[PDB]
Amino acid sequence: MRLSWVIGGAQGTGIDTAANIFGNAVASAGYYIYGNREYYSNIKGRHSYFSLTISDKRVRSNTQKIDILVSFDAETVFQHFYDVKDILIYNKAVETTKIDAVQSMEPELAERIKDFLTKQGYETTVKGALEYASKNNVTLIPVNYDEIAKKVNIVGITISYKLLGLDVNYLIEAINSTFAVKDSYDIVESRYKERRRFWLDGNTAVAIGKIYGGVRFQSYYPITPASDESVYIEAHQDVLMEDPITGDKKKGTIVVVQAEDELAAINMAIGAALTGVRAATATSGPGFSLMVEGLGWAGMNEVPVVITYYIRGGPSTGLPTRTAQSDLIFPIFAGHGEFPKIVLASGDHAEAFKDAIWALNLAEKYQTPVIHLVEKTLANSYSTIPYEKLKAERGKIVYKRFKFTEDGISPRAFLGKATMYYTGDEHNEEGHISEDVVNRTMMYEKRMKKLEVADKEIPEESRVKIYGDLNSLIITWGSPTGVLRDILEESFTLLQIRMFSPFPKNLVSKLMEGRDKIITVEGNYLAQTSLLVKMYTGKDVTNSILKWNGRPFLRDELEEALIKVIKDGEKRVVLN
């Protein structure tokens, strides 16, 4: 049984804590949560909301439709009234407000809600929206947060908690271990452990992944989805390390540097990696575009480095606070001149944690940059994760730094521990500059061979995941995977690509071989995964479900697009 909750509010007014309190308390009672924050590129005044799904079963997504809307202001009501299906908690003290009254709302939004409501047609007030709600079976609940404010946020979540019918002693704990309920508890009545579980967002899963994985140098430039990853790492930079064969604890430091720009950031991390440290940076689209020169030098000098690339809305500045899946072909082929890159993409919070470690291991084994794609939805979404036996692969460490081999991988010494030469210019086995034609052909080959070796040593089955099984295939990557797995619990084969370079060519050909319908599902315009699939397999997808509006895929909307593809047809469905 899955329940949709939404709390809305103006950015800066309480919130966060209201959703993290409610969310903690529902989770402490053994229920599963998937929560997501939607907010403007703004610090105060704009409308933000938190959508949570509540379920008895693990859950991986949110819906357009809402079952419980908690609202303290008037903007929230207008922003959401149309999507509520069951209950709408509102402030009675803002029942009179007109649309024209609301300064915060983007004018383009204000018009649509104005007519809507004029056709239909109700007053174009809050009342008007509330009154629409009633004739679509929504149970209104008036609230007087003013009356309560002087007779003595929390009141809003407490009402909606009572609607569930759970034990008040979790809310309390939830309210005590963080920093009224006597009154608000009794205005409406009820209407509806196993293992360790952790609260994680994508940022924290990656950050913990990097700490555990051996990252001891991290450089970054503040950029919205990824300054939280660093900061978290900086806050826990003093770390303990213990081996079994002595048992001795030894304290270490992760240097975290706030760089002047993204060029500097990548260049410091590359610099760090020559020393033997595991090194990483974190950025988003605008910053990745600046790092490409650095990625080239790292490719050229066979430097391990991981870049965590959070994908936000683009191009350019784009939508700083919103998500997309726009950046696939670009990171795969980023840089002039040809060089091995490994490219990995997580589809959920746990995978975020594990891929970060895997990415470190691959960097070090194939001595090459590794890009780890995480959509910004994963970074700002959070969830109750059960226990999801993981090792280090430092690769071929120990003089010619670029000595030829048949697998392309030269034994690696670190600065201080051997005399070495590095250069961006084409170079011989000693690392000196060499325009010689035979060295050139051989050395360019050797870098390029590393990826053919990765192509063999990484089994194709570890580069994908498979769910369901049927005559109607769906290919995707990243966060919609979660959305589609939740759909499989109620009435196709689901293939999630994980590694795009080296790409699992043959397994994807094989898996497409006997179907009526092949559907790509992804948040972009060009349908970039289909272009990759066609590049490597020669084969075409039959249909696409696409979305580029800055919003993640939602469980109900994607279900209506599947039906509209599968039962009905149409090549190309664009989500609204």
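The first residue of the shown sequence is 1; numbering continues from there.
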property	result
Unmodelled deposited residues flanked by residue 467 on one side and residue 468 on the other	none
Residue 472-residue 473 interval: deposited residues absent from the model	1 to 3
Average Cα temperature factor in the PDB entry - higher stretch of 239-247, 400-408	239-247
Entry-level comparison of average CA B-factors, 135-143 and 477-485, reporting the higher stretch	135-143
Residue, from 381, 423, 124, 368, that the PDB entry assigns the highest Cα B-factor	124
313, 222, 165, 502, ranked by C-alpha B-factor: the highest one	165
Chain-relative CA temperature factor third for residue 517	highest
Among modelled residues of the same chain, the CA temperature factor third for residue 190	highest
Third of chain Cα B-factors occupied by residue 130	highest
Third of the chain's Cα B-factor distribution that residue 373 belongs to, per the entry	lowest
Third of the chain's Cα B-factor distribution that residue 14 belongs to, per the entry	highest
